[PDB]
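Take a look at the letters that make up each chain.
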Amino acid sequence: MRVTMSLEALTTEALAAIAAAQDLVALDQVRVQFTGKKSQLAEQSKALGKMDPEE
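Residues numbered from 1 in each chain as written, not as in the entry; some residues may be left out. Part of a larger assembly, values for the part shown. Heavy atoms only, no water. Residues with missing side-chain atoms left out of burial classes, pairs and counts.

This deposited entry lists X-ray crystallography as its structure determination method and 3.15 Å as its resolution.

Next up, the structure:
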């Protein structure tokens, strides 16, 4: 998934994907598509630092 337009809904989806990962290799798979590797946190961090002096 990727289309979750809510920060709180992103966390509970991330925490549920972490608790479901039953392998160490699958744990990095949860982390890759949820952190910096063009995930939803990376796109939100790039948009928040594009046109937001006070925002």
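1. Re the overall build of the protein chain
Selection criterion: Helix numbering and strand numbering both begin at the N terminus, where a helix is a DSSP run of H or I of at least 4 residues and a strand a DSSP run of E of at least 2. Note that the radius of gyration is over C-alpha atoms, with the globule rule given as 2.2 Å times the number of residues to the power 0.38.
A count of helices and strands for the protein chain gives three helices and zero strands. Each helix and strand of the protein chain, placed in order from N terminus to C terminus, yields the pattern α-α-α. Computed over C-alpha atoms, the radius of gyration of the protein chain comes to 13 Å, more than 25% over the 10 Å expected from 2.2 N^0.38 for 55 residues, which places it beyond the range of a compact globule. If one aligns the C-alpha atoms of the protein chain with their principal axes, the spans along those axes are about 40 × 20 × 15 Å.

2. Observations regarding the environment of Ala 17
Put simply, the test is: Working rule for contacts: check all heavy atoms of both residues, and any pair within 4.5 Å makes them a contact.
Among the secondary structure elements, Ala 17 is positioned in helix α1 (residues 7–20). A sequence separation of twelve residues divides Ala 17 from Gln 29, and the C-alpha atoms of the two residues are 9.8 Å apart. Beyond its immediate sequence surroundings of up to four residues, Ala 17 is in contact with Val 30 and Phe 34.

3. Overview of the environment of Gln 33
This is how the line gets drawn: Whenever a nitrogen or oxygen atom comes within 3.5 Å of another N or O atom, the pair is scored as a polar contact, on the condition that within protein one atom can donate a hydrogen and the other can accept it, and that pairs from neighbouring residues in sequence are kept only if both atoms are in side chains.
Relative to the helices and strands, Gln 33 resides in the loop between α2 (24–32) and α3 (40–48). C-alpha of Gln 33 to C-alpha of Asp 52: the two residues are 19 residues apart in sequence and 26 Å apart in space. Of the polar contacts made by the side chain of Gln 33, one reaches the backbone oxygen of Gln 29; its length is 3.2 Å.

4. A closer look at unusual backbone geometry
Most of the time, phi is negative for any residue but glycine, and the peptide bond is trans. In this structure, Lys 38 is a non-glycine residue whose phi angle is positive, near 55°. In this fold, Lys 38 is placed in the loop between α2 and α3.

5. Regarding the pattern of salt bridges
Side-chain pairs of opposite charge can arise where the charged atoms are in close proximity. What counts is decided by this rule: Salt-bridge detection follows one rule: a side-chain nitrogen of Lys or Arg within 4 Å of a carboxyl oxygen of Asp or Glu.
Here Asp 28 and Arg 31 are joined by a salt bridge, their closest N and O atoms 2.9 Å apart. With a gap of three residues between them, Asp 28 and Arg 31 both fall in helix α2, about one helical turn apart.

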